[PDB]
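I have placed the structure first, in the form of structure tokens, so that the comments after it can refer back to it.
Residue numbers (the deposited numbering): 11 to 98.
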């Protein structure tokens, strides 16, 4: 409608799969791993340090963008959420 499209190139959807859960995330394609960790913390209610993200069998590193990692629209990132200890 008008000059504005229904969708965008910058707006992808990636599946975050844990051993127990499967959750979709709308993300920008240039979103960094650290920013995705933050989005995931807010979704699962976890601290980012709990989070381990894997794609193409590689543990993903905070500064990289999703695009640099090879994560594209409709693909799956694996997530392990390290369980909090009972005590410090």
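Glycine residues also receive a C-beta, built at the ideal position from the N, C-alpha and C atoms.
Going by DSSP in three states, residue 85 sits in which element: helix, strand or coil?
Taken through DSSP and simplified to helix, strand or coil, residue 85 comes out as coil.
Sort out for me which residues DSSP pairs residue 14 with in a bridge.
Answer is none; residue 14 lacks a bridge partner.
Have a look at 98, 35 and 77 and flag the residue whose alpha-carbon is nearest the alpha-carbon of residue 66.
77
Using the DSSP secondary-structure output, state which residues sit across from residue 49 in a beta bridge.
DSSP output for residue 49 lists no bridge partner at all.
What does a CB cutoff of less than 8 Å around residue 40 pick up in its chain, not counting 5 residues either side in sequence?
20, 75, 76 and 77
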